[PDB]
>>> print(open('coords07.txt').read())   # compact mmCIF, N, CA and C atoms
# COMPACT_ATOMS: atom_id res chain seq x y z
N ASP A 410 256.84 207.23 26.99
CA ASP A 410 255.90 206.12 27.00
C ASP A 410 256.35 204.95 26.13
N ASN A 411 257.14 205.20 25.09
CA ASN A 411 257.49 204.13 24.17
C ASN A 411 258.33 203.05 24.83
N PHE A 412 259.17 203.42 25.80
CA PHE A 412 260.09 202.49 26.43
C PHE A 412 259.52 202.00 27.75
N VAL A 413 259.59 200.70 27.97
CA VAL A 413 259.14 200.09 29.22
C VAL A 413 260.14 199.02 29.62
N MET A 414 260.45 198.96 30.92
CA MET A 414 261.34 197.93 31.42
C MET A 414 260.53 196.77 31.96
N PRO A 415 260.77 195.55 31.50
CA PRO A 415 260.10 194.38 32.07
C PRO A 415 260.90 193.77 33.20
N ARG A 416 260.21 193.00 34.03
CA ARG A 416 260.83 192.42 35.21
C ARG A 416 260.18 191.09 35.55
N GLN A 417 261.01 190.07 35.77
CA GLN A 417 260.53 188.78 36.24
C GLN A 417 260.63 188.65 37.75
N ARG A 418 261.74 189.09 38.33
CA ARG A 418 261.91 189.08 39.77
C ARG A 418 262.60 190.37 40.20
N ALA A 419 262.23 190.84 41.39
CA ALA A 419 262.79 192.06 41.93
C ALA A 419 264.16 191.77 42.53
N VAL A 420 264.71 192.73 43.27
CA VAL A 420 265.99 192.53 43.94
C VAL A 420 265.75 191.74 45.21
N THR A 421 266.39 190.58 45.32
CA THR A 421 266.19 189.67 46.44
C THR A 421 267.53 189.36 47.08
N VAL A 422 267.60 189.49 48.40
CA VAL A 422 268.80 189.22 49.17
C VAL A 422 268.58 187.90 49.89
N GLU A 423 269.15 186.83 49.35
CA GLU A 423 269.09 185.51 49.98
C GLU A 423 270.44 185.18 50.56
N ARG A 424 270.46 184.80 51.83
CA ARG A 424 271.68 184.45 52.53
C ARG A 424 271.84 182.94 52.58
N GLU A 425 273.09 182.49 52.49
CA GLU A 425 273.42 181.08 52.59
C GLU A 425 274.46 180.90 53.68
N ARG A 426 274.13 180.08 54.67
CA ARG A 426 275.01 179.85 55.82
C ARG A 426 275.92 178.68 55.50
N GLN A 427 277.14 178.97 55.07
CA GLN A 427 278.16 177.95 54.94
C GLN A 427 278.65 177.59 56.33
N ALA A 428 278.95 176.31 56.55
CA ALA A 428 279.34 175.86 57.87
C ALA A 428 280.78 175.40 57.95
N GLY A 429 281.22 174.56 57.01
CA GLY A 429 282.60 174.12 56.97
C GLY A 429 283.50 175.33 56.85
N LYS A 430 283.08 176.29 56.04
CA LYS A 430 283.62 177.63 56.11
C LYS A 430 282.71 178.48 56.98
N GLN A 431 283.30 179.15 57.97
CA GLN A 431 282.50 179.94 58.90
C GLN A 431 281.83 181.14 58.24
N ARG A 432 282.25 181.51 57.03
CA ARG A 432 281.69 182.68 56.38
C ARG A 432 280.23 182.45 56.00
N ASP A 433 279.49 183.55 55.91
CA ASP A 433 278.14 183.55 55.37
C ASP A 433 278.16 184.25 54.02
N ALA A 434 277.56 183.62 53.02
CA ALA A 434 277.55 184.16 51.67
C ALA A 434 276.18 184.75 51.38
N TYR A 435 276.17 185.99 50.89
CA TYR A 435 274.95 186.67 50.51
C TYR A 435 274.87 186.74 48.99
N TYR A 436 273.71 186.38 48.45
CA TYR A 436 273.47 186.41 47.01
C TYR A 436 272.33 187.37 46.71
N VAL A 437 272.53 188.25 45.75
CA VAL A 437 271.51 189.18 45.29
C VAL A 437 271.38 189.04 43.78
N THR A 438 270.19 188.69 43.32
CA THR A 438 269.92 188.46 41.91
C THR A 438 268.74 189.31 41.48
N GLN A 439 268.59 189.45 40.16
CA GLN A 439 267.53 190.29 39.61
C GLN A 439 267.34 189.95 38.14
N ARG A 440 266.09 189.98 37.69
CA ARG A 440 265.74 189.69 36.30
C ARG A 440 265.03 190.90 35.71
N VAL A 441 265.74 191.69 34.90
CA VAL A 441 265.20 192.91 34.31
C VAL A 441 265.68 193.02 32.87
N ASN A 442 265.10 193.98 32.15
CA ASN A 442 265.45 194.25 30.76
C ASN A 442 264.93 195.63 30.40
N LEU A 443 265.18 196.04 29.16
CA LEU A 443 264.71 197.32 28.66
C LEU A 443 264.36 197.18 27.19
N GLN A 444 263.08 197.38 26.87
CA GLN A 444 262.61 197.28 25.50
C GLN A 444 261.58 198.36 25.24
N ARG A 445 261.33 198.62 23.97
CA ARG A 445 260.34 199.60 23.54
C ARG A 445 259.27 198.91 22.71
N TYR A 446 258.06 199.46 22.76
CA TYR A 446 256.96 198.90 21.99
C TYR A 446 257.24 198.96 20.50
N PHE A 447 257.66 200.12 20.01
CA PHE A 447 257.85 200.33 18.58
C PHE A 447 259.20 200.98 18.35
N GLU A 448 259.64 200.94 17.09
CA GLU A 448 261.01 201.34 16.74
C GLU A 448 261.05 202.83 16.42
N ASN A 449 260.85 203.63 17.46
CA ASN A 449 260.89 205.09 17.35
C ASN A 449 260.90 205.67 18.75
N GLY A 450 260.93 206.99 18.83
CA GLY A 450 260.84 207.67 20.10
C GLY A 450 262.15 207.94 20.80
N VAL A 451 263.27 207.95 20.08
CA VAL A 451 264.57 208.23 20.69
C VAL A 451 265.49 208.82 19.62
N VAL A 452 266.10 209.95 19.94
CA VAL A 452 266.96 210.68 19.01
C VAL A 452 268.23 211.10 19.73
N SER A 453 269.37 210.95 19.07
CA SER A 453 270.67 211.27 19.64
C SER A 453 271.31 212.41 18.87
N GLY A 454 272.11 213.20 19.57
CA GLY A 454 272.87 214.28 18.96
C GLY A 454 274.36 214.09 19.21
N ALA A 455 275.16 214.40 18.20
CA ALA A 455 276.60 214.19 18.28
C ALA A 455 277.32 215.41 17.73
N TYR A 456 278.58 215.56 18.15
CA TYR A 456 279.40 216.64 17.66
C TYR A 456 279.65 216.50 16.16
N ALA A 457 279.95 217.62 15.52
CA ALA A 457 280.36 217.58 14.13
C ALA A 457 281.73 216.92 14.03
N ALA A 458 281.86 215.97 13.12
CA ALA A 458 283.11 215.23 12.97
C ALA A 458 283.90 215.75 11.78
N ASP B 409 258.31 130.71 49.50
CA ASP B 409 258.84 130.93 50.83
C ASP B 409 260.35 130.79 50.91
N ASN B 410 261.00 130.33 49.86
CA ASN B 410 262.45 130.21 49.87
C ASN B 410 263.16 131.54 49.74
N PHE B 411 262.46 132.61 49.37
CA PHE B 411 263.08 133.89 49.09
C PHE B 411 262.69 134.91 50.14
N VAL B 412 263.56 135.92 50.31
CA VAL B 412 263.42 136.90 51.38
C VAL B 412 263.69 138.29 50.83
N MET B 413 263.44 139.27 51.69
CA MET B 413 263.60 140.69 51.38
C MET B 413 264.47 141.32 52.46
N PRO B 414 265.78 141.11 52.41
CA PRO B 414 266.66 141.80 53.36
C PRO B 414 266.64 143.30 53.10
N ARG B 415 266.21 144.06 54.10
CA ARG B 415 266.04 145.50 53.95
C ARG B 415 266.55 146.20 55.20
N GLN B 416 267.41 147.20 55.00
CA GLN B 416 267.92 148.00 56.11
C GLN B 416 267.08 149.25 56.32
N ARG B 417 267.01 150.11 55.31
CA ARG B 417 266.22 151.33 55.39
C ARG B 417 265.26 151.41 54.22
N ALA B 418 264.12 152.04 54.46
CA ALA B 418 263.05 152.13 53.47
C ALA B 418 263.36 153.26 52.49
N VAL B 419 262.36 153.64 51.70
CA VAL B 419 262.52 154.70 50.71
C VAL B 419 262.40 156.04 51.42
N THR B 420 263.43 156.87 51.28
CA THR B 420 263.50 158.16 51.97
C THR B 420 263.76 159.26 50.96
N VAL B 421 263.04 160.37 51.12
CA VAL B 421 263.21 161.55 50.27
C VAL B 421 263.88 162.63 51.09
N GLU B 422 265.01 163.13 50.61
CA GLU B 422 265.73 164.21 51.26
C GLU B 422 265.72 165.44 50.37
N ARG B 423 265.31 166.56 50.94
CA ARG B 423 265.24 167.83 50.22
C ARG B 423 266.43 168.69 50.62
N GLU B 424 267.16 169.17 49.63
CA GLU B 424 268.30 170.05 49.86
C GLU B 424 268.15 171.31 49.03
N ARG B 425 268.44 172.45 49.65
CA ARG B 425 268.49 173.73 48.97
C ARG B 425 269.95 174.13 48.79
N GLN B 426 270.39 174.23 47.54
CA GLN B 426 271.75 174.66 47.22
C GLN B 426 271.67 176.10 46.74
N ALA B 427 271.74 177.04 47.69
CA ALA B 427 271.61 178.45 47.38
C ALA B 427 272.68 178.95 46.42
N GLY B 428 273.85 178.33 46.40
CA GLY B 428 274.89 178.78 45.49
C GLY B 428 274.46 178.69 44.04
N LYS B 429 273.89 177.55 43.66
CA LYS B 429 273.33 177.37 42.33
C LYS B 429 271.84 177.69 42.27
N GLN B 430 271.24 178.03 43.41
CA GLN B 430 269.80 178.31 43.50
C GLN B 430 268.98 177.13 42.98
N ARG B 431 269.46 175.93 43.24
CA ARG B 431 268.75 174.71 42.91
C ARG B 431 268.10 174.14 44.16
N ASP B 432 267.02 173.40 43.95
CA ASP B 432 266.48 172.52 44.97
C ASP B 432 266.88 171.09 44.61
N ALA B 433 267.74 170.50 45.42
CA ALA B 433 268.23 169.15 45.19
C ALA B 433 267.32 168.17 45.90
N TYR B 434 266.97 167.09 45.22
CA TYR B 434 266.12 166.05 45.79
C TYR B 434 266.82 164.71 45.69
N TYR B 435 266.87 163.99 46.80
CA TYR B 435 267.56 162.72 46.89
C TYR B 435 266.61 161.67 47.43
N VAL B 436 266.55 160.52 46.76
CA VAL B 436 265.76 159.39 47.21
C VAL B 436 266.68 158.19 47.30
N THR B 437 266.60 157.46 48.41
CA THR B 437 267.51 156.35 48.67
C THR B 437 266.76 155.22 49.35
N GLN B 438 267.32 154.02 49.23
CA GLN B 438 266.83 152.86 49.95
C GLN B 438 267.91 151.79 49.94
N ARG B 439 267.77 150.83 50.87
CA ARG B 439 268.73 149.74 51.02
C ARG B 439 267.97 148.43 51.03
N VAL B 440 268.12 147.63 49.97
CA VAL B 440 267.39 146.37 49.82
C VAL B 440 268.29 145.36 49.13
N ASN B 441 267.83 144.11 49.13
CA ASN B 441 268.52 143.02 48.45
C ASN B 441 267.54 141.86 48.30
N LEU B 442 267.94 140.88 47.49
CA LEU B 442 267.17 139.66 47.30
C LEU B 442 268.04 138.46 47.61
N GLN B 443 267.55 137.56 48.46
CA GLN B 443 268.31 136.40 48.88
C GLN B 443 267.38 135.20 48.99
N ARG B 444 267.99 134.01 49.05
CA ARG B 444 267.26 132.77 49.25
C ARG B 444 267.93 131.97 50.35
N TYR B 445 267.12 131.27 51.14
CA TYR B 445 267.66 130.46 52.22
C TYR B 445 268.55 129.35 51.68
N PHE B 446 268.12 128.68 50.62
CA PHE B 446 268.84 127.54 50.08
C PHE B 446 269.00 127.71 48.58
N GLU B 447 270.06 127.10 48.05
CA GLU B 447 270.47 127.30 46.67
C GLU B 447 269.66 126.36 45.78
N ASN B 448 268.38 126.70 45.63
CA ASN B 448 267.42 126.02 44.76
C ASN B 448 266.12 126.81 44.81
N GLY B 449 265.08 126.26 44.19
CA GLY B 449 263.75 126.82 44.29
C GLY B 449 263.29 127.65 43.11
N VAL B 450 264.03 127.67 42.01
CA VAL B 450 263.68 128.45 40.84
C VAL B 450 263.82 127.58 39.60
N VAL B 451 263.12 127.97 38.54
CA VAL B 451 263.20 127.28 37.26
C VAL B 451 262.63 128.21 36.19
N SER B 452 263.29 128.24 35.04
CA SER B 452 262.90 129.11 33.94
C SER B 452 262.82 128.32 32.65
N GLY B 453 261.82 128.64 31.83
CA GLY B 453 261.68 128.00 30.53
C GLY B 453 262.02 128.94 29.39
N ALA B 454 263.05 128.61 28.63
CA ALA B 454 263.53 129.46 27.55
C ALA B 454 263.02 128.97 26.21
N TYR B 455 263.17 129.82 25.20
CA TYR B 455 262.79 129.46 23.85
C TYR B 455 263.77 128.43 23.29
N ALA B 456 263.42 127.89 22.13
CA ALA B 456 264.24 126.88 21.50
C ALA B 456 265.43 127.52 20.79
N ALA B 457 266.24 126.68 20.15
CA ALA B 457 267.41 127.11 19.39
C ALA B 457 268.36 127.96 20.23
>>> encode(input="coords07.txt", output="structure tokens")
Amino acid sequence: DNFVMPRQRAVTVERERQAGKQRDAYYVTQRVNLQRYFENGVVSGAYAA
Amino acid sequence: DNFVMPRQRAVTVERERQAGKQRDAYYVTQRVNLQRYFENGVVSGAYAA
């Protein structure tokens, strides 16, 4: 529960038809992040060094 | 009446979508000029010195 991902825009596939070049360009963008409410709730384990 | 408004095209708004930069480009243009039939008809009063 401590960690939540925020999002401004989802995954969007917008196509652009270039003409002088016969190719069609596809653009996919996304606005996301990962933050936690408070500074706790995650613990890591590592080998003995 | 000595002055005129030579005009070719009026004020036009062109909307362009540039998907590569994901900008909306807006262009406004017009073609105008100022002319007089004869080389006279004006007078201006300036300050001293």
>>> calpha_fit_and_write(input="coords07.txt", fixed="chain B", moving="chain A", output="short mmCIF file (atom, residue, chain, number, x, y, z; two decimals) with N, CA and C atoms, in the frame of the given file")
data_model
loop_
_atom_site.label_atom_id
_atom_site.label_comp_id
_atom_site.auth_asym_id
_atom_site.auth_seq_id
_atom_site.Cartn_x
_atom_site.Cartn_y
_atom_site.Cartn_z
N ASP A 410 258.23 131.12 49.25
CA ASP A 410 258.81 131.28 50.57
C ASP A 410 260.33 131.26 50.55
N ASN A 411 260.95 130.60 49.58
CA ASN A 411 262.40 130.46 49.60
C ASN A 411 263.11 131.80 49.45
N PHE A 412 262.52 132.73 48.70
CA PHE A 412 263.16 134.01 48.40
C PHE A 412 262.63 135.08 49.33
N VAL A 413 263.53 135.87 49.88
CA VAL A 413 263.17 136.99 50.75
C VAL A 413 264.07 138.17 50.41
N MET A 414 263.47 139.37 50.37
CA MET A 414 264.25 140.57 50.12
C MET A 414 264.61 141.23 51.44
N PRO A 415 265.88 141.49 51.69
CA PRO A 415 266.28 142.23 52.89
C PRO A 415 266.35 143.72 52.64
N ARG A 416 266.28 144.48 53.72
CA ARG A 416 266.24 145.93 53.62
C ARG A 416 266.90 146.56 54.84
N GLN A 417 267.80 147.51 54.60
CA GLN A 417 268.40 148.29 55.67
C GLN A 417 267.68 149.61 55.88
N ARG A 418 267.34 150.30 54.80
CA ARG A 418 266.59 151.54 54.88
C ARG A 418 265.54 151.56 53.77
N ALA A 419 264.40 152.18 54.07
CA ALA A 419 263.32 152.28 53.12
C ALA A 419 263.60 153.41 52.14
N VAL A 420 262.60 153.78 51.35
CA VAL A 420 262.75 154.90 50.41
C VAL A 420 262.58 156.19 51.18
N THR A 421 263.60 157.04 51.15
CA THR A 421 263.62 158.28 51.91
C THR A 421 263.89 159.44 50.97
N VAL A 422 263.07 160.48 51.06
CA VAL A 422 263.19 161.68 50.24
C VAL A 422 263.75 162.77 51.14
N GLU A 423 265.05 163.03 51.02
CA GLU A 423 265.70 164.11 51.76
C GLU A 423 266.02 165.23 50.81
N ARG A 424 265.61 166.44 51.17
CA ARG A 424 265.84 167.62 50.36
C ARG A 424 267.03 168.40 50.90
N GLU A 425 267.79 168.99 49.98
CA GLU A 425 268.92 169.83 50.33
C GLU A 425 268.75 171.18 49.67
N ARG A 426 268.73 172.23 50.48
CA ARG A 426 268.52 173.60 49.99
C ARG A 426 269.87 174.20 49.66
N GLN A 427 270.24 174.18 48.39
CA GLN A 427 271.40 174.91 47.92
C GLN A 427 271.04 176.39 47.87
N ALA A 428 271.99 177.25 48.21
CA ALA A 428 271.71 178.67 48.28
C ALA A 428 272.44 179.48 47.22
N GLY A 429 273.75 179.26 47.06
CA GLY A 429 274.51 179.94 46.03
C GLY A 429 273.90 179.63 44.68
N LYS A 430 273.49 178.39 44.50
CA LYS A 430 272.57 178.04 43.44
C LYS A 430 271.16 178.03 44.00
N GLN A 431 270.25 178.75 43.34
CA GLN A 431 268.89 178.85 43.84
C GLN A 431 268.14 177.53 43.79
N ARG A 432 268.65 176.54 43.06
CA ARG A 432 267.95 175.28 42.93
C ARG A 432 267.91 174.53 44.26
N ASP A 433 266.90 173.68 44.41
CA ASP A 433 266.81 172.74 45.52
C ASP A 433 267.03 171.34 44.97
N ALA A 434 267.91 170.58 45.62
CA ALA A 434 268.24 169.24 45.18
C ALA A 434 267.55 168.23 46.08
N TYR A 435 266.86 167.27 45.45
CA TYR A 435 266.20 166.20 46.17
C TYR A 435 266.97 164.91 45.96
N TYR A 436 267.22 164.20 47.06
CA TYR A 436 267.94 162.93 47.03
C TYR A 436 267.03 161.83 47.56
N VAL A 437 266.95 160.73 46.84
CA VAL A 437 266.19 159.55 47.25
C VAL A 437 267.11 158.34 47.19
N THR A 438 267.29 157.68 48.32
CA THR A 438 268.18 156.54 48.44
C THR A 438 267.42 155.37 49.03
N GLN A 439 268.01 154.18 48.89
CA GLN A 439 267.36 152.96 49.36
C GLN A 439 268.40 151.85 49.45
N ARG A 440 268.27 151.00 50.47
CA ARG A 440 269.17 149.87 50.68
C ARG A 440 268.36 148.59 50.68
N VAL A 441 268.41 147.84 49.57
CA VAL A 441 267.64 146.61 49.41
C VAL A 441 268.50 145.57 48.71
N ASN A 442 267.99 144.34 48.68
CA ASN A 442 268.66 143.22 48.03
C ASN A 442 267.64 142.11 47.82
N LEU A 443 268.10 141.02 47.22
CA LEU A 443 267.25 139.86 46.98
C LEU A 443 268.08 138.60 47.12
N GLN A 444 267.74 137.77 48.11
CA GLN A 444 268.45 136.53 48.35
C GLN A 444 267.46 135.45 48.73
N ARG A 445 267.90 134.21 48.64
CA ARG A 445 267.09 133.05 49.00
C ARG A 445 267.78 132.29 50.12
N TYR A 446 266.98 131.63 50.95
CA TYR A 446 267.53 130.84 52.05
C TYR A 446 268.40 129.71 51.54
N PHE A 447 267.89 128.95 50.57
CA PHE A 447 268.59 127.77 50.09
C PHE A 447 268.61 127.79 48.57
N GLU A 448 269.47 126.95 48.00
CA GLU A 448 269.76 127.00 46.56
C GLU A 448 268.79 126.08 45.81
N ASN A 449 267.53 126.49 45.80
CA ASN A 449 266.47 125.76 45.09
C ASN A 449 265.24 126.64 45.05
N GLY A 450 264.18 126.13 44.45
CA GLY A 450 262.91 126.82 44.43
C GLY A 450 262.69 127.76 43.26
N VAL A 451 263.41 127.58 42.16
CA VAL A 451 263.23 128.44 40.99
C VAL A 451 263.64 127.65 39.74
N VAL A 452 262.76 127.63 38.75
CA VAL A 452 262.96 126.87 37.52
C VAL A 452 262.60 127.74 36.33
N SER A 453 263.42 127.69 35.29
CA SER A 453 263.23 128.50 34.09
C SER A 453 262.96 127.60 32.90
N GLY A 454 262.19 128.11 31.95
CA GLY A 454 261.91 127.41 30.70
C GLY A 454 262.35 128.26 29.51
N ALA A 455 262.91 127.60 28.51
CA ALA A 455 263.44 128.29 27.35
C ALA A 455 263.02 127.57 26.08
N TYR A 456 263.03 128.31 24.97
CA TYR A 456 262.70 127.74 23.69
C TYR A 456 263.73 126.67 23.29
N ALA A 457 263.31 125.76 22.43
CA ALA A 457 264.24 124.81 21.87
C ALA A 457 265.20 125.53 20.94
N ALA A 458 266.49 125.27 21.10
CA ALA A 458 267.51 125.94 20.30
C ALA A 458 268.00 125.04 19.18
#
>>> closest_residue(input="coords07.txt", among="A:451, A:419, A:436, A:443", to="chain B", atoms="all atoms listed in the file")
A:436
>>> closest_atom_pairs(input="coords07.txt", of="chain A", to="chain B", cutoff="8 Å", atoms="only N, CA and C atoms", output="CSV")
residue,atom,partner,partner_atom,distance
A:423,C,B:427,CA,7.5
A:424,C,B:427,CA,6.9
A:425,CA,B:427,CA,6.1
A:426,N,B:427,CA,7.9
A:436,CA,B:427,C,7.5
>>> axis_aligned_box(input="coords07.txt", around="range 443-451 of chain A", padding_each_side="6 Å", output="JSON")
{"center_x": 261.2, "center_y": 202.4, "center_z": 22.8, "size_x": 20.5, "size_y": 24.8, "size_z": 24.7}
>>> select_by_dssp(input="coords07.txt", residues="chain B", states="strand (DSSP E)", output="list in words")
residues 411, 412, 420, 421, 422, 423, 424, 425, 426, 431, 432, 433, 434, 435, 436, 437, 443 and 444 of chain B
>>> residues_around(input="coords07.txt", residues="residue 441 in chain A", least_positions_apart="2", cutoff="7 Å", atoms="only C-alpha atoms", output="ChimeraX atom specification")
/A:414-417,439
>>> atom_distance(input="coords07.txt", atom1="atom C of residue 413 in chain A", atom2="atom N of residue 453 in chain A")
18.4 Å
>>> atom_distance(input="coords07.txt", atom1="CA of residue 421 in chain B", atom2="CA of residue 437 in chain B")
6.9 Å
>>> atom_distance(input="coords07.txt", atom1="CA of residue 432 in chain A", atom2="atom N of residue 429 in chain B")
15.8 Å
>>> closest_residue(input="coords07.txt", among="B:455, B:434, B:444, B:439", to="residue 410 in chain B", atoms="all atoms listed in the file")
B:444
>>> residues_around(input="coords07.txt", residues="residue 447 in chain A", least_positions_apart="3", cutoff="10 Å", atoms="only C-alpha atoms", output="ChimeraX atom specification")
/A:411-412,444,450
>>> decode(input="coords07.txt", residues="range 411-425 of chain A", atoms="N, CA and C atoms", output="short mmCIF file (atom, residue, chain, number, x, y, z; two decimals), in the first residue's frame")
data_model
loop_
_atom_site.label_atom_id
_atom_site.label_comp_id
_atom_site.auth_asym_id
_atom_site.auth_seq_id
_atom_site.Cartn_x
_atom_site.Cartn_y
_atom_site.Cartn_z
N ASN A 411 2.05 1.22 0.54
CA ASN A 411 2.84 2.44 0.68
C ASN A 411 3.22 3.03 -0.68
N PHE A 412 3.44 2.19 -1.68
CA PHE A 412 3.90 2.63 -2.99
C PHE A 412 2.73 2.75 -3.95
N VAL A 413 2.68 3.86 -4.67
CA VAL A 413 1.66 4.09 -5.68
C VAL A 413 2.31 4.72 -6.90
N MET A 414 1.90 4.28 -8.09
CA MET A 414 2.41 4.86 -9.32
C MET A 414 1.44 5.92 -9.82
N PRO A 415 1.90 7.14 -10.06
CA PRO A 415 1.03 8.16 -10.65
C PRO A 415 1.14 8.17 -12.16
N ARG A 416 0.12 8.74 -12.79
CA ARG A 416 0.03 8.75 -14.25
C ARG A 416 -0.69 9.99 -14.73
N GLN A 417 -0.09 10.67 -15.70
CA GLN A 417 -0.73 11.81 -16.36
C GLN A 417 -1.43 11.39 -17.64
N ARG A 418 -0.79 10.55 -18.45
CA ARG A 418 -1.39 10.04 -19.67
C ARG A 418 -1.03 8.57 -19.82
N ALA A 419 -1.96 7.82 -20.39
CA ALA A 419 -1.78 6.39 -20.59
C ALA A 419 -0.92 6.16 -21.83
N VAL A 420 -0.84 4.92 -22.29
CA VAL A 420 -0.09 4.60 -23.50
C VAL A 420 -0.95 4.96 -24.70
N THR A 421 -0.45 5.85 -25.55
CA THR A 421 -1.20 6.34 -26.70
C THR A 421 -0.38 6.12 -27.96
N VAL A 422 -1.02 5.55 -28.98
CA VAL A 422 -0.38 5.28 -30.26
C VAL A 422 -0.94 6.30 -31.24
N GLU A 423 -0.16 7.34 -31.52
CA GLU A 423 -0.53 8.35 -32.50
C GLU A 423 0.33 8.17 -33.74
N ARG A 424 -0.32 8.09 -34.89
CA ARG A 424 0.36 7.91 -36.16
C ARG A 424 0.49 9.25 -36.88
N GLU A 425 1.60 9.42 -37.58
CA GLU A 425 1.84 10.61 -38.37
C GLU A 425 2.16 10.19 -39.80
#
